[PDB]
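Fold and geometry: a report
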2 protein chains.
Amino acid sequence: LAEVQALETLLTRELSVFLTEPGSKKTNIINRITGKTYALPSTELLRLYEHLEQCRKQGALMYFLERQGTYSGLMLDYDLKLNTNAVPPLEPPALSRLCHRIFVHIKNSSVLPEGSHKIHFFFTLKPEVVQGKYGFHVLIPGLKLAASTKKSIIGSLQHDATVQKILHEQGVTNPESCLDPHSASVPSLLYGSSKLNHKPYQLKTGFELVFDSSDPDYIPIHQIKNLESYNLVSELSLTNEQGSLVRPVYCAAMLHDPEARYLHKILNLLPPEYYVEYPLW
Amino acid sequence: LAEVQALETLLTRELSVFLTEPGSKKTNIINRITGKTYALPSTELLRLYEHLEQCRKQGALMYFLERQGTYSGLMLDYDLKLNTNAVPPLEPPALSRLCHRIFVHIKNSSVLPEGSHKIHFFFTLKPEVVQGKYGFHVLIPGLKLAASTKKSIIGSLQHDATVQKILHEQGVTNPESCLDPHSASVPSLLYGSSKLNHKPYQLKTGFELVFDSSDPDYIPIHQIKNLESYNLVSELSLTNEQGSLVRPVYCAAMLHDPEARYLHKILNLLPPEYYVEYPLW
């Protein structure tokens, strides 16, 4: 495929010069398919996002992660157990109310800057329910938060009675324990990417929240209408600062490497029945 | 014209049985062209609104007023003096902020019912500036208020510094004295109607405000997208209770007919200084 070939050329010929060592702090981008780690400057991050976006629109297999580090956008990872194997409705009013409640906790952290600011919420959903297991990500990529503040906001969100109600009425049986408390620290999948055993989450709905310190009781939340007009890998990225839709608002602060060849014996080192080993160890 | 003929037949053959006497309190509808006053029950009000709406869509001359009485929707009448003879921009953000400020005064009146409620704001604008004179109506037809509460809300709105700022930045030179303090009591033009010397105000933008007593800091004002889908005479009526878009929320409690021929006589009669006439009376 042309756009995959283009991404391959960008990675090997050009971005190879930004390859980081394992466990490097500078790393911002992880390609879990090639097992490569990169520290991309903003210019080269954007070029990557243009290629990943073209690959996304053609349904190409991607497994890119961004590292959140100490100061970046907020991601909420919800792992739902459902009543049934039916995708829950999750219509705009429920998602709109979720945004409001998420914002109340952000505001209560006291780190928002004074003045008038737009922040965008994006809901990406697991494409199907598998054995009653369902998922969504809430991405607030533009709202640049300290890791410690994200952890605090996530702690508060787990105990939110209104959020638990919304999730319950959607058919969620684990509304108390569905929000991953490590949402603040885990590397976050780029839009169009997934674990190799899963399919990528799909953008259902995005919302624009405006807050004004002078008028704190007015918190307008509206659906974003022309989402398709933007580079979604770009806009949804927690570490991006050069989005068009998403403009930053700054808040107060495995080594065996088989390389697709040697792992085959791994596939037959599991179904030995060799638990008990008197001579067989 | 067919729809005017239809309205004429409805008025003379059918609604004539609801004709009220001059100064009757039962009056809810005034046809200032025919000089007739009516007390229409809800069923016949709707039939009227269907005919007026058809007449409106074809640009027919209407001069219908509704009487606000003691308990009905809120109307704000703004008479603007402008910097220039250019229509002020009045884009959604300015009008959105106006709605929020108007709501703060409604909330402060203490009369809103507990629970979750949608209220709709409609802004109808004077079609052109004439000698720097401009106007808009703010209609909140669904929010059923006592006359005394409307007067109180209007009093507070006149002194609102944020509203005065918004109007100032639009080029208004009378931001302190542009809101008619009798907005609560005056008979209110039906959408598509006007004084015989003026043209009807045009609906520019409508907004949906949701309030929730349990979550008072969340006040999302969603603009309304499919306005054309509704009967606008119906929805915008302060006294209507059977709108489709606008569902009521209950708060705690001469004849000219110039035919464009004698307007010329008026235009040539005023300029002489013969208002007093000792030899030429």
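About the criteria used
Residues numbered from 1 in each chain as written, not as in the entry; some residues may be left out. Chains lettered and ligands numbered in written order. Part of a larger assembly, values for the part shown. Heavy atoms only, no water. Contact = heavy atoms within 4.5 Å. Buried area = accessible area lost by both parts, 1.4 Å probe. Salt bridge = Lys/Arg side-chain N within 4 Å of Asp/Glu carboxyl O. Polar contact = N/O pair within 3.5 Å; in protein donor to acceptor, adjacent residues only side chain to side chain. Helix = DSSP H or I, 4+ residues; strand = E, 2+ residues; numbered from the N terminus. Least-squares fit on C-alpha atoms. Patch = residues over 30% accessible without salt bridge, like charges linked within 9 Å, V, L, I, M, F, W, Y side chains within 5 Å. Areas by Shrake-Rupley, 256 points an atom, 1.4 Å probe, with all protein chains shown as cover. Buried < 20%, exposed > 50% of the residue type's maximum accessible area, 1.4 Å probe, protein only. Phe/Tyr/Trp six-rings, centres within 6.5 Å; stacked < 30°, edge-to-face > 60°. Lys NZ or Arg CZ within 6 Å of the ring centre and 35° of its normal. 1 Å grid on protein atoms, 1.4 Å probe; cavity = no way out; pocket = protein on both sides within 12 Å on 5 of 7 lines; lining within 4 Å. Points joined across faces, edges and corners; volume = space filled by probe spheres on them. Nonpolar A, V, L, I, M, F, W, Y, C, P; charged D, E, K, R; others polar.

- As documented in the archive entry, the model was determined using cryo-EM at 3.70 Å resolution.

What to know about the interface of chain A and chain B
- On the side of chain B, 15 residues touch chain A, which itself brings 15 residues to the contact.
- Broken down residue by residue, the surface that chain A buries against chain B is led by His 100, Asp 217 and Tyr 218 of chain A, which jointly contribute 43%.
- At the surface where chain A touches chain B, the tally comes to two salt bridges.
- Where chain A packs against chain B, one counts seven residue pairs in polar contact.
- For the side of chain A that touches chain B, the element with the highest residue contribution is helix α3 (residues 92-108) of chain A, accounting for four residues.

Describing the relation of the copies chain A and chain B
- Overlaying chain A on chain B yields an RMSD of 2.4 Å, the required transformation being a rotation through 177° with an accompanying axial translation of 1.5 Å. The symmetry that links the two subunits is that of a two-fold axis.
- Comparing interface residues between copies, 93% of those in chain A also lie at the interface in chain B; the contact surface is shared.

Looking at a nonpolar patch on the surface
- Taken together, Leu 263, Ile 266, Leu 267, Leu 270 and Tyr 275 of chain B make up a surface patch of nonpolar side chains, about 540 Å² in accessible area.
- Mapped onto the elements of the fold, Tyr 275 of chain B is located in the segment after α7 (263-269).

Details of the pattern of salt bridges
- The tally for this structure, following the rule as stated, stands at 12 salt bridges over all chains.
- Among the salt bridges present, the one from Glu 44 of chain B reaches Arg 47 of chain B, with a minimum N-O distance of 3.9 Å. Highlighted residues: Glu 44 of chain B and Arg 47 of chain B, both in helix α2 (residues 42-57), separated by three residues, approximately one helical turn.
- Using a relative accessible area of 30% as the deciding quantity, one classes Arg 47 of chain B as partly exposed.
- By sharing partners, the salt bridges in this structure join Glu 14, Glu 44 and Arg 47 of chain A into a single network.

Observations regarding the packing of aromatic side chains
- Tallied over the full model, the rule gives 10 aromatic pairs over all chains.
- Here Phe 123 of chain A and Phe 136 of chain A contribute two aromatic rings whose centre-to-centre distance is 6.2 Å and whose plane-to-plane angle is 45°, an arrangement assigned as tilted. Of this pair, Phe 123 of chain A sits in strand β5 (residues 116-125) while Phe 136 of chain A sits in strand β6 (residues 133-146), and the two are 13 residues apart along the sequence. In this structure, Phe 123 of chain A and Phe 136 of chain A share a single accessibility class: buried.
- In this structure, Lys 265 of chain B is placed above the aromatic ring of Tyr 262 of chain B, and the distance from its NZ or CZ to the ring centre is 4.6 Å.

Regarding empty space enclosed by the protein
- By volume, the largest cavity amounts to about 90 Å³.
- Looking at the largest cavity, the residues that line it are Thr 124, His 137, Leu 139, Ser 188, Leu 189, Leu 190, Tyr 191, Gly 192, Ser 193, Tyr 201 and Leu 236 of chain B.
- Counting only elements with at least two residues in the lining of the largest cavity, the list comes to β6 (133-146) and β7 (188-189) of chain B.
- Residue composition of the lining of the largest cavity, by class: six nonpolar, five polar and no charged.
- Its boundaries defined by the atoms lining it, the second largest cavity holds a volume of some 80 Å³.
- Lining the second largest cavity, in full, are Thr 124, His 137, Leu 139, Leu 189, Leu 190, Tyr 191, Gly 192, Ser 193, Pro 200, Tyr 201 and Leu 236 of chain A.
- Of the residues belonging to the lining of the second largest cavity, the class tally is seven nonpolar, four polar and no charged.

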